[PDB]
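Presented below is the structure to which this report refers.
Just so it is clear, none of the values below were taken in a lab; they were calculated from the coordinates. Note that each Cβ is placed from the backbone with ideal geometry, even for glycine, and that neighbours are counted across all protein chains shown.
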Amino acid sequence: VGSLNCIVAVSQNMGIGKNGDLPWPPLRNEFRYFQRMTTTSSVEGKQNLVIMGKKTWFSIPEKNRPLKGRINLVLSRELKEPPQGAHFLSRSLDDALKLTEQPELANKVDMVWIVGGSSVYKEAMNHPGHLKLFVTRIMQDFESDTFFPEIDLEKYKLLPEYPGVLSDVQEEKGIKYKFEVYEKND
Ligand SMILES: CCCCCCc1nc(N)nc(N)c1-c1ccccc1
């Protein structure tokens, strides 16, 4: 199994969802960036794993579920089988990471991408080890009811650039945004 990563799009007031919907209007190139980054795997014969909480899974429009070309794993203690269209179910992020070393997935998974939501990000971000955060900064305030956890910059370094990630300001539908990559190893 390869690197562990979080990927998020977040407004200036730290919002990531409004009743699960994006707080901002849909941004086509931001969507394309998310698909490209989470799907691209260099290791021949493997796919990336996407891990998400139950609410994040059901916030994805059905036409976009499962995230194609990736192994889709949902976290839930209430669910007793993977949701329709998903591939795997784990009770916790720890169990999901443990599963990636079981024979059922050990040689199948390259990169692991945590795609939401708030509590899953928080657990990943505060667990020791090597972790990167791919953060799209939506540079406006938007009404939200779920939020990204604080990034502790004592441990997460903002990288000066990263291959395959544009470094300059983007704009869609009149909304400026930018792509950042953070890395910790503790
Ligand atoms: C259905 C795919 C939406 C992709 C655009 C939104 C998005 N952007 C970034 N950079 N990270 C994320 N985790 C998400 C996201 C992915 C799934 C659900 C909610 C937000």
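Straight-line reach from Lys54: which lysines have a Cα under 20 Å away, not including same-chain ones fewer than 8 places off? In chain and number order, the partners are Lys18, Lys63, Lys68, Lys80, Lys98, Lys122. Neighbours of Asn107 by Cβ distance under 13 Å: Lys/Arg scored +1, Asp/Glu scored -1, total -2. Counting only DSSP beta bridges with both residues in the chain, the antiparallel share comes to about 45 percent. Distance from the alpha carbon centroid of region 101-150 to that of region 51-72 works out to 14 angstrom. Taking every alpha-carbon pair under 8 Å whose residues sit at least 6 apart, the chain reaches a relative contact order of 32 percent.
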